[PDB]
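Note sheet for the following structure.
Here the Cβ positions follow ideal geometry from the backbone for every residue, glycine too, while neighbour counts run over all protein chains shown. Values in this text are rule-based calculations from the coordinates and carry no lab data.
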Amino acid sequence: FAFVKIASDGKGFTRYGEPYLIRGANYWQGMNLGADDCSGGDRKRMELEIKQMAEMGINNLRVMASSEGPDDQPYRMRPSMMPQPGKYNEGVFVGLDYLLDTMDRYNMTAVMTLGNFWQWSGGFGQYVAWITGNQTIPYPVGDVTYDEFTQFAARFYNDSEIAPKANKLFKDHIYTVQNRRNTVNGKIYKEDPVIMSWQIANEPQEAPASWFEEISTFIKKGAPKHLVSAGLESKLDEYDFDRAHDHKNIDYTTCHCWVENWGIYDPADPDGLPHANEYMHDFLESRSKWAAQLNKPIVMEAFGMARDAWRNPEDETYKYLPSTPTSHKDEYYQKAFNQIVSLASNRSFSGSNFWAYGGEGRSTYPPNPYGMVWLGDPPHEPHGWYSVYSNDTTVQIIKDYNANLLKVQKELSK
């Protein structure tokens, strides 16, 4: 009965008739960790990580509710949820069940990401490979560039021959997830108040408005009780933002911020932090204006920063070691957080999900028998790049932010 909703003034969420602020984290590996041992999970570790996240004041996990095989491909989650179109690894699906049940035990809500533009869960590029029947995806390594790969995966919604077939497969997947019976608590996912929203995909890259319209309407019809979200970075201009978010069945807006990936921040520069702080600040103000123009909420649902590489810039390994401090990352988080708490108390921002909780995982630990080093960084990126570990100094900063935002949520209730 406890479904997350949009406030009637459209400026925030509500739960139980009261304002609801997103004290969130990214936990995309939750499904795989929740699996039984036999499918490469570590359920006790997953229960421990959700418990840790509860102690840090987290009320919301953005999770991954898709991943595509075949299981021989590099740079992606293994074992996948859907190794072939319409065929599922039941062991991985049960992990999604346990993830939702454990989140249930902790009164947390989930953002369910139903696909992925990028290679790390197979994603749109894998659907394209399925349709064209050519499994040699142009992964962005060696001589192949990110926009060669982008142009390939975008065929998913841009190619008038591939798109109808790719989307038929994608919709079969959306349906399968929304109609899943949780094998642990008996709930069908579309009627599970633990799920806050269905999210079309991780980071659609210049997708057409008609595609956002068609997919949001499919997801809403499939689960009329649930909010729907686009998964957009909002890294371009206000029109790009509107193309994704200006749709009756897109309920709130998101943004992602990646300073290093985008060339704004150089983690190996002891002097490099101010560029990143300034960028983030202008980023939050402007995206906040974009949301308010649609009279829709906004969550910064993924943002990250590297460890202090600058303390030893000549050594590439040092940047990924857990023992490396995170003084830049902690400042950057804290300034982002303080600005979000400030905007939220003005009814102009709804919270955030740091990218990403690594928990007990560690970038120094050996891969499991499936070749996975589970933590917050997906397998197309260096292990340990962005992960927040259970005992990093960044935890106190997240914990403080969740308390601050919860204070704000109480002040908007009275």
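Below, the figures for the structure above:
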| item | result |
| --- | --- |
| Which listed residue is touching a strand residue (DSSP E or B) at 6+ places or on another chain (Cβ under 8 Å), surrounded by fewer than 19 Cβ atoms within 10 Å (Cβ to Cβ) and touching a residue at least 24 places away in the same chain (Cβ under 8 Å), from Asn249, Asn158, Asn202 | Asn249 |
| Residue selected from the range 377-406 under the condition part of a loop (DSSP other than H, G, I, E, B) and among the acidic types (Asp, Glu), by the criterion nearest to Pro322 (Cα to Cα) | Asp392 |
| Tally, over the range 325-361, of residues that are surrounded by 19 or more Cβ atoms within 10 Å (Cβ to Cβ) and farther than 14 Å from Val299 by Cα | 11 |
| Subset tally (residues that are part of a loop (DSSP other than H, G, I, E, B) and not aliphatic (A, V, I, L, M)) for the range 54-73 | 9 |
| Residues (small (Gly, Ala, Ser) and either within 18 Å of the chain's Cα centre (by Cα) or surrounded by 24 or more Cβ atoms within 10 Å (Cβ to Cβ) (or both)) located in the range 208-222 | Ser216 |
| Pairs with Cβ under 8 Å, 6+ apart, first in the range 318-333 and closer than 27 Å to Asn404 by Cβ and in contact (Cβ under 8 Å) with a residue 12 or more places away in the chain, second β-branched (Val, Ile, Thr) and in a helix (DSSP H, G or I) | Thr326/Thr394; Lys329/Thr394; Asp330/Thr394; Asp330/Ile397; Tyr333/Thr394; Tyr333/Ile397; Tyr333/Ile398 |
| Qualifying positions in the range 382-401 - within 18 Å of the chain's Cα centre (by Cα) and either surrounded by 15 or more Cβ atoms within 10 Å (Cβ to Cβ) or small (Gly, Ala, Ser) (or both) | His383, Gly384, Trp385, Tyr386, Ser387, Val388, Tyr389, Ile398 |
| Single residue of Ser234, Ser288 found to be surrounded by 14 or more Cβ atoms within 10 Å (Cβ to Cβ), among the polar types (S, T, N, Q), under 22 Å from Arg15 (Cα atoms) and in contact with a helix residue (DSSP H, G or I) (Cβ under 7 Å, 6 or more places away or on another chain) | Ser288 |
| Scan of the range 333-360 for residues that are under 15 Å from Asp392 (Cα atoms) and either over 18 Å from the mean Cα position of the chain (by Cα) or assigned to a helix (DSSP H, G or I) (or both), ordered by number | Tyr333, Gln334, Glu360 |
| Qualifying residue in the range 306-314 (condition: surrounded by 13 or more Cβ atoms within 10 Å (Cβ to Cβ), touching a strand residue (DSSP E or B) at 6+ places or on another chain (Cβ under 7 Å) and either among the basic types (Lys, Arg) or touching a residue at least 12 places away in the same chain (Cβ under 8 Å) (or both)) | no |
| Subset of the range 177-205 [touching an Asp or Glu at 6+ places or on another chain (Cβ under 7 Å) and closer than 18 Å to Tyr127 by Cα] | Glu203 |
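Residue-wise test of (1) in contact with a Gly (Cβ under 7 Å, 6 or more places away or on another chain); (2) surrounded by fewer than 17 Cβ atoms within 10 Å (Cβ to Cβ).
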| position | (1), (2) |
| --- | --- |
| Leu33 | yes, no |
| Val63 | yes, no |
| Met81 | no, no |
| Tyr98 | yes, no |
| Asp104 | no, no |
| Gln126 | no, no |
| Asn134 | no, yes |
| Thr145 | no, yes |
